[PDB]
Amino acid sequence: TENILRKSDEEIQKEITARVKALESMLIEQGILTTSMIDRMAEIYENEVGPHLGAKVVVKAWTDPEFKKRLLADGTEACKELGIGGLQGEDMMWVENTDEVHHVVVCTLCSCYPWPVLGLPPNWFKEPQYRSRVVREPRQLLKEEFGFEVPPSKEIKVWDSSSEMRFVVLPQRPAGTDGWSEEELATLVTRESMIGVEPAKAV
């Protein structure tokens, strides 16, 4: 959106880069930050932790009714069965989409997101546009922004995550997938479908 007061993106990035490098130099001299520490955090959230972990949980739930029961009863313990858990997902509660209920997750006050199963949030999730509107007009938002039409007779539950309890959406299994393997099913599970802004991939 046009703001006549705002600098160019290039000038903003140049100033931020200098301020961050200065702060970095001071924390390094204090002995509390190192370049190797920075590189490890980046490697974890670029390559080790991401929505492929959440997809594994979803497909097991789709294909193992006993595991699905455990997942809905205690999401943290169920995900630990697969070695999935940790920072920013210490307390997870999974909610099941059905033919009468659709779930969508937001954090209106900030940016909290279940890192151990989804990785770091995409920028739109943290930004004021999604956060302000999804609690007020979720049906209109899902249609206009995500092309996802939830019939007006179907209840939409918006989970505004104001605490450390992380809500994760278990999307419904798409039709036409009877007997598919766990690997084939995982290709239909997206981070958007575990936020509730889209269903799992069709076909």
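Numbering starts at 1 and runs along the sequence shown.
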*asked:* Mean CA temperature factor from the deposited coordinates, higher in 116-124 or in 103-111?
replied: 103-111
*Decide which of the stretches 23-31 and 149-157 has the higher mean C-alpha B-factor, going by the entry.*
149-157
*Of the choices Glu164, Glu48, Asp39, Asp178, which one's C-alpha carries the largest B-factor in the record?*
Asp178
*Could you tell me which one of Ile12, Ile195, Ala18, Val189 shows the highest CA temperature factor in the PDB record?*
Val189
_CA B-factor placement of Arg133, once the chain's modelled residues are sorted into thirds_ = highest
*Please place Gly89 in the lowest, middle or highest third of its chain by C-alpha B factor as given in the entry.*
lowest
*Select lowest, middle or highest to describe the third in which the CA B-factor of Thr98 falls within its chain in this entry.*
highest
